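Colleague: following this: a sequence and the matching experimental structure.
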Amino acid sequence: XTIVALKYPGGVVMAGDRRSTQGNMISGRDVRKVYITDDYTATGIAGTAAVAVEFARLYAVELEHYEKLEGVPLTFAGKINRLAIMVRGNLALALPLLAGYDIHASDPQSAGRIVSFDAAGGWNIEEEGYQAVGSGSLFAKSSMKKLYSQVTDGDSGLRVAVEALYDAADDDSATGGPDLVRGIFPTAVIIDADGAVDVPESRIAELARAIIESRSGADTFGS
Amino acid sequence: XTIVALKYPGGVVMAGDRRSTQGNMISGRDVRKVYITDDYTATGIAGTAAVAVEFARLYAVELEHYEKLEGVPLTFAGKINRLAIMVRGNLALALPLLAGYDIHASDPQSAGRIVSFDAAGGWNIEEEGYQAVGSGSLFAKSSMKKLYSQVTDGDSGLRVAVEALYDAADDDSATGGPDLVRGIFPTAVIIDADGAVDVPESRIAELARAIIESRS
Amino acid sequence: XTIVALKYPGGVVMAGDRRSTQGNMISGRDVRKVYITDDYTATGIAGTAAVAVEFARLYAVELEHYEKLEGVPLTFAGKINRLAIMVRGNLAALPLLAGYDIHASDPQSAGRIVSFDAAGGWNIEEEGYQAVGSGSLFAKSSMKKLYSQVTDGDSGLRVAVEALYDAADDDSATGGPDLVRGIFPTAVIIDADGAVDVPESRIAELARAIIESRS
Amino acid sequence: XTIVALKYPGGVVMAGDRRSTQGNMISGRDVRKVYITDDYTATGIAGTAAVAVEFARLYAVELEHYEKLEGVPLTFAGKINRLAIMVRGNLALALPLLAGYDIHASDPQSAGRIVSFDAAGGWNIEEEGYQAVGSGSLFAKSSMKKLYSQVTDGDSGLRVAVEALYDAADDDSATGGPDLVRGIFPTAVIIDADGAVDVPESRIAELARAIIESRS
Amino acid sequence: XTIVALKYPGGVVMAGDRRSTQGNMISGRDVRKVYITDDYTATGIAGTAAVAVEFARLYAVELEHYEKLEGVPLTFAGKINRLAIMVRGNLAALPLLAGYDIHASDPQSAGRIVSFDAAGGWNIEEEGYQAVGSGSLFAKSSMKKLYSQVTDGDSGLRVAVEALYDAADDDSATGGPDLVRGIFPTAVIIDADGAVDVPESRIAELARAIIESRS
Amino acid sequence: XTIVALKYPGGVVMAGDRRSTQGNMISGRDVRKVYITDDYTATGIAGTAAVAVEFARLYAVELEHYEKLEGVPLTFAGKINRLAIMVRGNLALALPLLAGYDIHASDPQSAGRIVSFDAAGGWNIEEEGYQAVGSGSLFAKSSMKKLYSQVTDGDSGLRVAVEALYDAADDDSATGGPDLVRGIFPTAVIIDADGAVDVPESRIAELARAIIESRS
Amino acid sequence: XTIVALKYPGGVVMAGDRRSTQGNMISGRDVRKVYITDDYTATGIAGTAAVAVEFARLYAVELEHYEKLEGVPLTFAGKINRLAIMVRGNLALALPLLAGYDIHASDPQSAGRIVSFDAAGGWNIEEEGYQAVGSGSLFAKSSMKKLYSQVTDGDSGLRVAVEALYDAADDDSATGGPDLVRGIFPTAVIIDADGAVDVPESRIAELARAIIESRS
Amino acid sequence: XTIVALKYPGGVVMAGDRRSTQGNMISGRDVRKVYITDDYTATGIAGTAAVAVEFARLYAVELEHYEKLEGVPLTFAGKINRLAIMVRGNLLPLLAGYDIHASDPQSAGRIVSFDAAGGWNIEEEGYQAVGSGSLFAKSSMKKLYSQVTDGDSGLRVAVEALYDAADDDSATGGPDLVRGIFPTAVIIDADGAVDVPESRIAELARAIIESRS
Amino acid sequence: XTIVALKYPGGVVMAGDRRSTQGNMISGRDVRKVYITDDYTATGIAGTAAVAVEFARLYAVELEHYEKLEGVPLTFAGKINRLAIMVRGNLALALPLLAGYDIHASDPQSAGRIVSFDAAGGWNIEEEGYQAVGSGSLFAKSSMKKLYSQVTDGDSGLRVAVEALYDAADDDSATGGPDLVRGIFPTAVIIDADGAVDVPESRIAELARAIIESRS
């Protein structure tokens, strides 16, 4: 299963596929893997619906816990630190991808942040502009590498994220592509200076149909 | 990967998906798994492109070798026997599905034949009317169970076979569904009294598009 | 052994087979696997008569314990949360939960089905149906083709019994309707008026019609 | 899966179930496990359709090969000896049950013979009057123990064999009971002084429904 | 290590990196992995210099042996069959074969690419490109986005070198163009006039242009 | 991945590569492995970005904790002792390399100190003048062996450190060389009597570009 | 690595080599393995620089801890007992060699003591006059056996100890010989009635040069 | 144990250390690991005295056997092929040679090494080393190779590479000044393969030691 | 068990102990391990009486077989080659020690030869002047290292060989020392230009007693 995240001018976008498998068998088609955790952060886990929701819930609780006790939210570095303590504690398994926006960073245009975790539970701030986790991550990363120059705003960003997920599904059977028959598409979250918001199903649906139409044409031109 | 086969009044049809995987990675999209082996038989293997074609090739050579030596082709029972020996020998891996038409059977409407193999290399003539092998075979068989009453001829036979493969792909990631973007659809063979012929890609495409439209 | 559950317009239905096996030997023929746990929920476990009753009993006690202490029942999300804590605690067979959210905005789609994976993770089913056990794949593939026929509670109960029949038809670990002994699948139906046990006679008439229809 | 055999005054009867399983999954419902091997013998294997027919075929060829070469058939002791050599040769999982009638025995009323094989491939002559092999053997043997006193002829002998198989199916999920929906019933062979004959599907059906009516 | 192959209008091109590793240590920088095997074929192995040269040599001997004995070369299908017999015999590495079928009906599409899976099974590639080795997934994903640009031999060769560049950028076992030592990927092109080794100088210009474009 | 450290007259320099791998796959290109831990020390770990920063952070907190509580910083021997207790505690993995300047040493020219750790968590003061840890350590050490005579001051030392890392990258695929395309170069810290300072990226870019032009 | 210890009339001498290895690779050339632990004792461990110094430090702390608490130092028997408790505690690895001078012994000429430890952590007071621990111990012991008759005082003791270490290096690659290029020689401690002292490096250098010159 | 080989303008030089070890114990001090196999080749094995001499002897017999049977010696490619068949048959030697049939006599020197799988490799880097001290010897040659302008400086660098291998690897033996035992070496040019006199290597070893001191 | 061999001006001497053990138990006290194999050679194996004699016998037969067939004995190089082929054949256990005199060597004073074998069956010509094999070889070699300068002739050589064996016994329980109670002493062979001859027991006895009185 795959989760992607990318920085765009003024923010960050995170998107995840909807499949879950038990071996070769498809066990889920509506799996939500990306969740808003506070006003400026979102987490994505390339695992089951339960692992994704339970992790996000527990992290959301810790952040808001601190806010009620201390009156102010944690700094971005403090949010990662607490996430890292939570990830290292569960190693007793799928690793999280965090998308955030640092409201206290000097340059607002590059205040988007992406943090990933390696097998040993070690955090990493991504400086390449994008990242992906899961079984289709290499395919999604190699796709974003070629398409990243096209990201100039939020919608451009969301489009590239959806195309990266499409490319992950095209080459990895564990990642689900857009289901045009059932009307199920990747979920996404966008985060900028105004906060974290869920992207409406209608725009992701428009974009997924457009990528498919576009690939169908390119295929007929090459044959 | 999945191969299906069903009997219809007057013949038999066999169809297979086009995917091949290396774990979670998709390694093939144009994989042909069903091949005509003689004028009245076809074999399908739910494995790689090479295992499918190599097996079919060796079996086709063996059936034609006998015909050239003895002047007449083997009886259907003899064809299965030779296949069984070939299969047992190899077991010392994916299992073959054989579809054929017994030109010497008393009743021409039920002369279609489907033969499968179990893990131990044992043959089984299917009497249920249909069969499937591969990772999505349970899903395909359960689908055919509910749709078999609709089979009334070769076209309704071809439709049910494509729908069974669609259901296998819908529930099993190792089985490939119809790729509308690339124009890749399941391959099929239909065998009746006039012999075994490859079903044109165009007819499978129309049937695949109608199953999709119907579910949407 | 197989348990199935499906959402119909106005509620949910859950049904389970009556067999239990010890390897290849039939050890039970009247095994009840589906139990009402509170006014709006039912649990089904595809295991032995003991695991099924013991789990349901502990869960029912936990729900009622909450209600007596706090005066009001748990919200549906809270019920699942408590069930999940119970399932994860036993891991250190998995249940299928059917319910009706009395607080959901649309009463027609207020039915809920929750299943658990090997790791003890919960999953709210959006497809309309679910099955657990050794015959689950067969039951699910059968409901896939018959779900369009579900228009009310009775047609919903008929499709549940047919899914179980289909599960028994190709899984020896799931028991079909025994016409000789008069033993049929058990079922629970939950709507706005609460969870009620489906009478044996109704399941019997339906099982008899499915058999004659296949014959 | 289960095969049963019993001696009655004047001959022997052998009957087998129709199921085959891959773990918990039902893979067959029309599995024929009992086959006539020569004019006076029949073999039954509690395994797959393939193991059952392949074994019976090789054994039938061996018996007829001897008859053509030497002009006369082997004595009953010689038939068992050849079977034993065949069983020990394959075991270097499923073990055969052989029912036969010794045309050269002094008492025609007790000329019926039942021979079974053990996990080590050793032959056994059953002097208990009945025997059973397979996953439901214990249940079938315990059933025959209580019903054997009712065996007085070929018909009663056949009723008891069908009831033993019914009891095996009632307690063992690997053995298939009579399918009233599909019309599939246990297969049976009866051997007396006039030779080995397949029992008509209709007679076993009538006996199976009689058992079901009796138990309800 | 990585080998790439792609079909272009009128032929085929195959290129390979120059690195060899013993665990994490770089053991070779001049490793030639792609060799011409007959007038119309080339083989590439993503292994050591020895495995690549020894395999190519034995295969080239087998193709010429047949030609001398029978007077005519094997058909393309026969060349693959012989290669497959050689690969299955060694398994009891995994080559990429690129060729041009002089007997095909359409000369523009006469280019052929054959790869082998872990079990020694052959696969004719109908996608237009293929890659083998530790950086093969990165090279294939790169060619997927750049293939629309392949319109002739020169552009076929630019995409091949860019695919290898992308493999090296993401996989430490694949070597990128060494501007310090002047070592670049080796390539072979096949069209209707036969197979030929691509001059080091043309590969160096392409590699210099790909690097200037990335910075 | 590799970290190198060398003593120069009047001080010490520590430099580290920027790569991180996950088997054969490059997972990082911007990995900072060397961090200033107090006014006179720096730690370098040849591991992931997280292990390097988390270790340095905990050690920096420990050194400052003591200074605030006791009013004066720990002696150099005390700093090593605290580091050793921390390293032995984590084993119950990649090992640290400490570079520091002993402000209380009698001879300021040789007041630079280098401290490493072995597999068992044992400390060691290098007397050779240089040291390296990680997968390219032999290559870096063998390179410094031949170039150490050229070290006369901080800039000479820094050159030899960057060249050692270049030689580690040239022979070890797990160590990253200077990326001229992305503009990513090794990070370095220099410590003398005036304290620990991060070497500007532009000075390292200048050294690396020149080592490349030199070998061209 | 090797540590040697020998009794001379009036005291005891302990000397150790300077090498450390990581398999076949030389990891250290300046490794100090012998340390004075109190006014009358010294410990030597044939292990890493860290294991040797950490062990000696902890033991020195305990001996001085007792002296400050009780006003008088432990008897020699008490010092061994405390060392043994420390060795058994770490084992539940390299074995300690202790050299001392019993200030309370009746005959001052034979008051020198050598204590070694076996694999199980058991102490042993050597009555042979000399002992050695480490990978070159057998070669050093074998050498002292032939040269012990020459030990008539502290000077001769030190000369023989250096020759035993030289012989260990000549036959065992894990033991380092005198490095005339770098000017690194074995370390030594002499203990007599006046206390434990570090032997000056120039003195060991002179002895090493004379042994080398003699064998040429 | 370590064997080094390097190409110089006009030929090739191969040198090997003299130690052999049984685990940690020094079992040999006079071990000859480099042997002339024909007029233009030499083999070196970083193993025991027996493995080195036995291998060289069988290979020398094979080369001369061909020459007597066919009248002409094998081409350089044929010599490698025969060596490769011999190595794969037993399962790491280092071969140094001069190709008398090469177009340019200044670069006719050849160095062939073998990997763990028995695969041959012609070295285009100018030098190579095999054995337990090979990484140290190669890193040393990397920095000193620019100094190689003839046979004399080629040999000096070879001896220095072996010195560096011994300085960092206990399994490789350095020059024993006490016993007068030094590395052995073979130099091959257009005039054939000749053993380097012990006196020349001793002169070089002493100069390297005075230089590091 | 231990075998030693040494070169003296004009020849070579080989001597071996007399013990054999089965674990900790002494199983032999009269074990002869050194045997003359031809006019100019002797073999010694540090194993059981049987392994030592059977090996020497097979090798002696091989050398004489060649001499009778070809008329002349093998050259020294040929004798080692044949021995090596024999050793490698048995290893696909204890390894042999061969002492010989090369009658065709240019310098008669240094014509003595000693050849040993390593674990892999590889031969080695000794250039140190002496060698030893077995469980006490290290002690015997270290003893000879200090005593070799005393070897000026055959008597000096034999004296040193007996002292090396004594020292091996002293330090290793598996090697037997001179038994004064039973009158059992090491066996020895001396080889010069006049051939190989067994040293009289009486000469070894007076040498052994002198060494013992010397150590007392």
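Modeller: Noted; the coordinates are in hand. Residues are numbered from 1 along each chain as shown, chains lettered A, B, ... in the order given.

Colleague: quick check: closest non-adjacent residue to the residue in chain A that chain G sits nearest to.
Modeller: Using CB to the nearest CB, the point where chain A gets nearest to chain G is residue A:120, with a distance of 24.2 Å. For every residue, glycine as well, the C-beta is placed using N, CA and C. Excluding its sequence neighbours, the residue lying closest to residue A:120 (CB to CB, 6 or more residues apart in numbering or on different chains) is residue F:48, at 6.8 Å.

Colleague: now chain A against chain F: closest residue?
Modeller: With CB to the nearest CB as the measure, residue A:122 is the residue of chain A nearest to chain F, at 3.0 Å.

Colleague: now do the contacts for the residue nearest the centre of chain A.
Modeller: Taking CA atoms, centre = their mean, the centroid of chain A lies closest to residue A:14, which sits 3.0 Å from it. The contact partners of residue A:14, by CB atoms under 8 Å, 6 or more residues apart in numbering or on different chains, come to A:3, A:4, A:5, A:34, A:42, A:44, A:97, A:99, A:161, A:188, A:189, A:191.

Colleague: one more: residue A:79?
Modeller: Shown in contact with residue A:79 (CB under 8 Å, 6+ apart): A:38, A:41, A:63, A:98, A:100.

Colleague: next one: residue A:191
Modeller: The neighbourhood of residue A:191, defined by CB under 8 Å, 6+ apart, consists of A:11, A:12, A:13, A:14, A:40, A:41, A:42, A:99, A:100, A:101, A:112, A:197.

Colleague: I'd assumed the last one was in a strand, is it?
Modeller: In other words, residue A:197. Yes - according to DSSP: H, G, I helix; E, B strand; the rest coil, the state of residue A:197 is that of a strand.

Colleague: and it, what are its bridge partners?
Modeller: Taking DSSP bridges as the rule, residue A:197 bridges to residue A:190.

Colleague: can you give me the neighbour number for it?
Modeller: A count of nearby residues for residue A:197, using other CB atoms under 10 Å in any protein chain shown, gives 14.

Colleague: report the separation between residue A:173 and chain E.
Modeller: Note on residue A:173: its distance to chain E, by CB to the nearest CB, to the nearest Å, is 14 Å.

Colleague: residue contacts, that residue?
Modeller: Counting by CB under 8 Å, 6+ apart, residue A:173 makes contact with B:19, B:21, B:24, B:25, B:26, B:173, B:174.

Colleague: find the closest residue to chain E in chain A.
Modeller: For chain A, the residue positioned closest to chain E under CB to the nearest CB is residue A:142, at a distance of 3.5 Å.

Colleague: before we move on, back to that, can you confirm the residue nearest to the centre of chain A is in a strand?
Modeller: Yes - Residue A:14: assigned to a strand according to three-state DSSP.

Colleague: quick check: bridge partners of it?
Modeller: Following DSSP bridges, residue A:14 is listed with bridge partners residue A:5, residue A:189.

Colleague: SS state for the residue of chain A closest to chain E?
Modeller: In three-state terms, and counting by three-state DSSP, residue A:142 is helix.

Colleague: likewise for residue A:78?
Modeller: The three-state label given to residue A:78 by three-state DSSP is helix.

Colleague: same check on residue A:7?
Modeller: Once three-state DSSP is applied, residue A:7 turns out strand.

Colleague: how about the helices in chain A?
Modeller: A:49-70, A:76-89, A:137-147, A:154-171, A:201-222 (DSSP state H).
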